[PDB]
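First, one chain by itself: the form deposited in one PDB entry, in structure tokens.
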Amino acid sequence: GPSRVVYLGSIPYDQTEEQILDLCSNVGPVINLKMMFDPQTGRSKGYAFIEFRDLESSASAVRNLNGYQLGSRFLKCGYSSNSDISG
């Protein structure tokens, strides 16, 4: 059914968690954010899970961030679940 959680993919590898939190906060209030990193190098894997406070905000993220041009990359954004953001 509906979800507060989205995935955000194709993120430039140099984007920080702070930057992605700013991008998402613009869309709406964020209550959790998990950026994926390589366990050894710490290098970004170029995707994240974001949980918004409400359903309107996650829907807005899917609408506004899917295909959003961030530097040279085109973001992908769709619905995810509690399982994804919890690991």
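Basically, rigid core = biggest C-alpha set you can superpose within 1.5 Å across the two forms. The first residue of the shown sequence is 1; numbering continues from there. Residues that one form lacks are left out of the comparison.
Between 47-55 and 34-42, name whichever shows the higher mean Cα B factor according to the PDB entry. Taking the mean B-factor of the alpha carbons in each, 34-42 is higher.
73-81 set against 18-26, stretch whose average Cα temperature factor tops the other in the entry: Here the higher of the two C-alpha B-factor means belongs to 73-81.
Below, we turn to the form deposited in another entry, even though it does not appear here.
After superposing the rigid core, is the C-alpha displacement of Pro39 2 Å or more between the shown form and the other one? Where the cores coincide, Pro39 still shows a C-alpha shift between the shown form and the other one that is 2 Å or more.
Work out the direction of the Cα-Cα change for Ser81 and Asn32 in that other deposited form: closer or farther than in this form? It's 3 angstroms or more. Their C-alpha distance grows by at least 3 Å in that other deposited form.
CA-CA separation of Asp14 and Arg43, closer or farther in that other deposited form than in the form shown [shift of 3 angstroms or more]: Compared with the shown chain, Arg43-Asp14 is closer in that other deposited form.
Looking only at residues in both forms, which consecutive runs of at least three have C-alphas displaced 2 Å or more between the shown form and the other one after fitting the rigid core? 36-43, 81-85 are the stretches that shift between the shown form and the other one.
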